[PDB]
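# Commentary on secondary and tertiary structure
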Amino acid sequence: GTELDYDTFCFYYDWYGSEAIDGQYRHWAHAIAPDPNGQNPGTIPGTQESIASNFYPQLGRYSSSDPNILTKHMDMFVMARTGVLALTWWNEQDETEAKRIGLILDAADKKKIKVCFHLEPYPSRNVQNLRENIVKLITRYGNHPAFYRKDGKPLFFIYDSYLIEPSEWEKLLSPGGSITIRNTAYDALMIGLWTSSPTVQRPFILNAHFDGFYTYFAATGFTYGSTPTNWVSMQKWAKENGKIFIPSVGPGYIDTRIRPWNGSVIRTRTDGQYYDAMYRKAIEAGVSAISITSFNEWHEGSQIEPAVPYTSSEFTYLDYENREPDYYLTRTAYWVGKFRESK
Ligand SMILES: OC[C@H]1C[C@H]2N[C@H]2[C@@H](O[C@H]2O[C@H](CO)[C@@H](O)[C@H](O)[C@H]2O)[C@@H]1O
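Residues numbered from 1 in each chain as written, not as in the entry; some residues may be left out. Heavy atoms only, no water. Residues with missing side-chain atoms left out of burial classes, pairs and counts.

If you check the header, you'll see the entry was determined by X-ray crystallography and the resolution is listed as 1.25 Å.

The PDB entry lists the protein chain under the name Glycosyl hydrolase family 71, from Bacteroides xylanisolvens XB1A. Listed as the entry title in the PDB record is "Structure of the GH99 endo-alpha-mannanase from Bacteroides xylanisolvens in complex with alpha-Glc-1,3-(1,2-anhydro-carba-mannosamine)".

Laid out in structure tokens, this is it:
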């Protein structure tokens, strides 16, 4: 009852910097989003006192490229029993991205953690450059011992997959598609983002030839897909149609340091009871895999990574009290155990 679970995927963000490694506190400093409804909202400067999160990391303003931080993160995945790190991927095409991905794979392998990619909506993303990038990632990293495979296939999560028409997806994902990956060296499990109602999403997923779907959002009720009372029926549909459903569960949500106008999306943690309810619903739906939003999306307040109390002259941060800083790692391990009992 301590082993890693390789059907548990934790969304991981590698965009943080520190002075020690990067020469800058990247992402800890962040622009404030204007209200979508002549605004000069400003920027959070990423100083010790004022970072782009409502919470404060136990590890401080860390770099995602610091091998010592990465070691600690992998030890945290081990504590949480989460066997797969689902790495945000933005197609930066820069040496710093390449170095960091290699460091993450190397650190993961030391702890028997696996890595898969979460393909983000990069500029001009389309099925042709997606194919090229899938080929690139499999070619570059597919022989790394930490690269994730399920039944011989890589797995990719595709964020905002609805931004691309099913007629385009079918070219890549139907066995007869014009630029198919099916039956090729680059075949993979492609997990699209289920957002809205079944009348829209069922034909989208079928016509796009996705292997499965996930829901991402940590805030219950943000979308149809992130409303856990829909998960039993979503799983039934998935099983009937040979699709893999990977619901996303998270411990809470708050992004109001970077999106001050987005308070209606706040979901309170209630000393773990929110996380418990969401994780229970995923397990009760009878799914074969679960995704966790998030390890370390600090901007969105969905992180399970340890956080500490902090009051600065500029902001009084939220924290996990009356739970301890590692509570969400140990509670994740509890739920992984419950999930494994159900498999
Ligand atoms: O990983 C999927 C999305 C999840 C959530 N992290 C956001 C999205 O990224 C956007 O918002 C963050 C702030 O929360 C910005 O730092 C990014 O630049 C922006 O793309 C993820 O795409």
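### Concerning the side chain of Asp 187
Looking at where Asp 187 falls in the secondary structure, it is placed in the loop between α4 (166-173) and β7 (189-193). According to the relative accessible area criterion, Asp 187 is buried, its value standing at 13%. Within the structure, the side chain of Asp 187 is placed 3.1 Å from the side chain of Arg 182, a separation counted as a polar contact. At a separation of 2.9 Å, a polar atom in the side chain of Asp 187 contacts the main-chain amide nitrogen of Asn 183. Not counting the four nearest positions on each side in its chain, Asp 187 is found in contact with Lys 153, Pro 154, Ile 181 and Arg 182. (Helix = DSSP H or I, 4+ residues; strand = E, 2+ residues; numbered from the N terminus. Buried < 20%, exposed > 50% of the residue type's maximum accessible area, 1.4 Å probe, protein only. Polar contact = N/O pair within 3.5 Å; in protein donor to acceptor, adjacent residues only side chain to side chain. Contact = heavy atoms within 4.5 Å.)

### Focus on the site of the ligand
Taken together, 14 residues sit near the ligand, with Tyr 13, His 30, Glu 120, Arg 259 and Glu 297 positioned nearest. With respect to the ligand, the side chain of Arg 259 contributes an N or O atom lying 3.0 Å from an oxygen atom. A distance of 3.3 Å separates an oxygen atom of the ligand from a polar side-chain atom of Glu 300. Protein burial of the ligand: of its 460 Å² of free accessible surface, 80% is covered by the chains. Residues that form the shell around the ligand fall into these classes: 6 nonpolar, 4 polar and 4 charged. (Near = heavy atom within 4 Å. Areas by Shrake-Rupley, 256 points an atom, 1.4 Å probe, with all protein chains shown as cover. Nonpolar A, V, L, I, M, F, W, Y, C, P; charged D, E, K, R; others polar.)

### Here's the deal with helix α2 (residues 95-110)
An ideal rise of 1.5 Å per residue puts 22 Å on 16 residues; α2 measures up with 23 Å between its terminal C-alpha atoms. In the stretch just after α2, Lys 112 is the one whose phi turns positive, near 65 degrees. (Expected span 1.5 Å × (residues − 1).)

### Concerning the packing of aromatic side chains
Throughout the structure, instances matching the rule amount to 38 aromatic pairs. Ring geometry for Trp 169 against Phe 210: centres 5.1 Å apart, planes inclined by 65 degrees, an arrangement best described as edge-to-face. Residue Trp 169 is found in helix α4, and its partner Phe 210 is found in the loop between α5 (198-208) and β8 (212-214); the two are separated by 41 residues along the sequence. In this pair, the class of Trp 169 matches that of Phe 210, namely buried. An angle of 90 degrees between the planes, with centres 5.2 Å apart, marks the rings of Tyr 327 and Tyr 328 as edge-to-face. The buried category is assigned to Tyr 328, whose relative accessible area is 1%. An aromatic cluster is defined as three or more aromatic residues linked by ring pairs; in this entry it consists of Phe 9, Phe 11, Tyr 148, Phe 157, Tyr 159, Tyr 214, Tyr 216, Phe 217 and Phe 222. In this structure, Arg 257 is placed above the aromatic ring of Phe 315, and the distance from its NZ or CZ to the ring centre is 4.6 Å. Across the ring face of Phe 55, the terminal group of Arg 269 is positioned such that the distance to the ring centre comes to 4.9 Å. (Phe/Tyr/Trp six-rings, centres within 6.5 Å; stacked < 30°, edge-to-face > 60°. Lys NZ or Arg CZ within 6 Å of the ring centre and 35° of its normal.)

### Observations concerning the packing of helix α1 (residues 67-80) against α2
In a packed pair of helices, the relevant descriptors are the angle between the two axes and the axis-to-axis distance. The contact between α1 and α2 brings their axes to 9 Å, and the two run at 45 degrees. Between α1 and α2, the angle is such that the two are oblique. The two elements α1 and α2 cross, and the hand of that crossing is right-handed. In this structure, α1 contributes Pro 67, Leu 70 and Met 74 to the contact, and α2 contributes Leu 103, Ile 104, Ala 107 and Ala 108. Taken together, the residues that form the contact of α1 with α2 break down as 7 nonpolar, no polar and no charged. (Axes fitted to C-alpha atoms, helices over the stretch in contact; angles between N-to-C directions. Parallel < 35°, antiparallel > 145°, perpendicular 65-115°, else oblique. Left-handed = near helix turned anticlockwise from the far one by under 90°.)

### Things to note about the nonpolar core
Counting residues in hydrophobic clusters, the biggest one holds 99 residues, and the most contacted among them are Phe 117, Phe 156, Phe 157 and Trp 169. Those residues in contact with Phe 117, other than ones at most four positions away along the chain, are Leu 87, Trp 89, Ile 101, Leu 137, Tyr 141, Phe 147, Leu 155, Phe 156 and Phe 157. (Core = buried A, V, L, I, M, F, W, Y, C linked by side-chain atoms within 4.5 Å.)

### Some details on the pairing of strand β1 (residues 5-12)
Within β1, 6 of the 8 residues are buried, which leaves it mostly tucked inside the rest of the structure. In the sheet, β1 pairs with strand β4 (residues 82-89) via 5 bridges, with the strands oriented parallel. The residue bridging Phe 9 from the neighbouring strand is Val 84, located in β4. Pairing between β1 and strand β11 (residues 290-292): 3 bridges, direction parallel. Residue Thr 8 lies in a different strand from β11, and its bridge partner there is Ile 290. (Pairing = 2+ DSSP bridges.)

### A word on the pattern of salt bridges
Inspection of the entire model under this criterion finds 13 salt bridges. Residue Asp 14 pairs with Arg 100 through a salt bridge whose shortest N-O separation is 2.8 Å. Of the two residues examined, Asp 14 and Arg 100, each falls in the buried class. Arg 26 is paired through a salt bridge with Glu 92; the nearest N and O atoms lie 3.5 Å apart. By relative accessible area, which is 26% here, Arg 26 ends up partly exposed. Classification of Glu 92 by relative accessible area gives partly exposed; the value is 35%. One salt-bridge network, in which partners are shared between bridges, spans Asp 5, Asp 7, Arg 340 and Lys 343. (Salt bridge = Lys/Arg side-chain N within 4 Å of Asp/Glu carboxyl O.)

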